[PDB]
Amino acid sequence: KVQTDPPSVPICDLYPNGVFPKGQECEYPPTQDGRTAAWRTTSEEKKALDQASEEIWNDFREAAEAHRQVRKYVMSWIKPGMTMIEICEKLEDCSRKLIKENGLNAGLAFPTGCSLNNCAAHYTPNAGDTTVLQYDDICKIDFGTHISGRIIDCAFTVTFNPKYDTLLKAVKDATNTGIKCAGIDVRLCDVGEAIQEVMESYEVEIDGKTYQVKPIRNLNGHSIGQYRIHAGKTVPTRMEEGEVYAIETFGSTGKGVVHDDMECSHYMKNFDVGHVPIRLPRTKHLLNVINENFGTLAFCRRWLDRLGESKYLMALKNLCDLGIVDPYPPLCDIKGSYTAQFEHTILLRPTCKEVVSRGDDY
Ligand SMILES: COc1ccccc1C(=O)OC[C@H]1CCCN1c1ccnc2ncnn12
Ligand SMILES: [Mn+2]
Ligand SMILES: [Mn+2]
């Protein structure tokens with residue numbers, strides 16, 4: 001069983017024994033005293049703890065392999081001239097096939113971000129959006145897969161004009177620095193400081209203007225929990241054994257701060273909201289659809305459309321106003337600025353740090 005071109009075979013079918021490829025495995029950084037953490041690799045008790053969660057890591061690995069195969073495919077065809085809707089639908093069709101989508105047990109972890117230019121995150125087109133990808137666009141492809149709610153959050157930036165090359169390099173270096181710095185017992189603030197230092201060491205020139213690259217200070221890496229993209233720890237307290245993090249950085253030629261802008265596409269149930277009885281029929285129906293199809297995973301309007309829902313906007317506003325669902329509008333820096341992103345998911349296993357979403361690409 002080999003993968004097709006275009007990819008269509010589920011990752012599950014490529015690996016008969018149910019054992020999926022490990023990501024990049026790394027020794028933890030030396031502790032603050034200077035002594036190595038390499039003892040974790042060979043510790044019999046850490047090995048036992050690690051093995052006790054093998055099922056879980058194996059789920060992340062399956063999801064990461066889908067992510068690698070999907071994004072390699074995307075990079076082969078994404079071109080100016082395509083509509084943003086076309087791009088998102090072609091990506092998502094492939095992701096559903098490779099993840100072997102099955103209700104809440106396997107599927108897409110959150111909508112395909114394809115944020116453009118000064119917009120850094122949380123843009124995906126709604127129905128009727130006529131936006132076309134341009135030669136000069138800088139596009140952040142941020143998409144997620146999951147198996148049993150074990151989420152891969154992983155993202156890269158697409159460009160066609162070499163003028164952004166050094167901006168991309170800066171952000172990639174900053175993200176890799178964050179990944180290198182991460183570790184059990186490492187303070188979240190120290191990971192953030194390392195990211196900032198690296199990113200600010202780059203100066204770039206774009207259309208005759210020079211900039212020192214700025215990290216976006218209100219767009220942070222975060223812990224990841226089961227069915228919970230943001231589990232409550234942010235990378236601006238310590239990282240702990242067994243936690244999972246998205247290490248991400250955003251570089252900007254703008255102010256280095258984002259604000260809500262444009263039409264909202266992304267929504268997600270508040271993880272901490274329980275059962276709320278609703279009588280209003282369209283609102284009740286929409287909540288049921290959300291509970292059945294997404295649970296606490298993020299969704300977008302296009303995903304409601306594809307389920308055959310219509311006339312739901314007022315119902316969706318009602319759920320937002322009730323605090324049951326939260327809106328996540330696009331987050332953008334100033335007009336005319338450029339933003340770039342790279343992101344990986346890392347597992348803080350008892351024995352080592354695994355960049356589970358690492359590929360040959362980034
Ligand atoms: C501090 O911001 C938060 C605090 C609590 C809960 C959620 C968020 C929050 O911003 O959640 C945003 C999620 C929901 C919509 C899509 N989105 C995505 C998409 C792609 N990659 C992502 N990495 C992290 N989130 N995220
Ligand atoms: Mn992401
Ligand atoms: Mn993230």
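Start at 1 with the first residue, then count along the sequence. In listed order, ligands and their atoms are each counted from 1. The figures here come from the full heavy-atom set of this structure, side chains too, leaving out hydrogens, waters and symmetry mates.
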Looking only at N/O atoms, are [X] and ligand 1 under 3.5 Å apart anywhere?
{"X": "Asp153", "result": "yes"}
{"X": "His230", "result": "no"}
{"X": "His266", "result": "no"}

Taking the Mn ion (ligand 2) as the reference point, name the nearest N/O/S atom of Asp153.
-> OD1
Any sub-3.5 Å donor-acceptor pair from [X]'s side-chain atoms to [Y]'s backbone N or O?
{"X": "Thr296", "Y": "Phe271", "result": "no"}
{"X": "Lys140", "Y": "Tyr123", "result": "no"}
{"X": "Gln341", "Y": "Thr249", "result": "no"}

Are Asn291 and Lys269 side-chain neighbours, meaning at least one heavy-atom pair lies under 4.5 Å?
-> yes
Can you find a heavy atom in the side chain of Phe294 that is under 4.5 Å from one in the side chain of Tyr267?
-> no
Scan side-chain atoms only and decide if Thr339 and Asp333 contain a donor-acceptor pair under the 3.5 Å cut-off.
-> no
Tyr15 and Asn58: side-chain donor and acceptor closer than 3.5 Å?
-> no
Do any N/O/S atoms of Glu248 come under 2.8 Å of the Mn ion (ligand 2)?
-> no
Write out the residue and atom name of the closest protein heavy atom to [atom], then the distance separating them to 0.1 Å.
{"atom": "atom 25 (N) of ligand 1", "answer": "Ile229 CG1, 3.7 Å"}
{"atom": "atom 18 (C) of ligand 1", "answer": "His122 NE2, 3.5 Å"}
{"atom": "atom 9 (C) of ligand 1", "answer": "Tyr328 CE2, 3.3 Å"}
{"atom": "atom 20 (C) of ligand 1", "answer": "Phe110 CE1, 3.3 Å"}

Contacting atoms of ligand 1, where contact means under 4.0 angstrom from a heavy atom of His222 | 23 (N), 24 (C)
For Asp142, atoms of ligand 1 separated by under 4.0 Å from a heavy atom | 20 (C), 21 (N)
What's the NE2-the Mn ion (ligand 3)-OE2 angle here (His222, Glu343), rounded to 10 degrees?
-> 120°
Are any of the side-chain nitrogens in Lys72 or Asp5 under 4.0 Å away from the carboxylate oxygens of its partner?
-> no
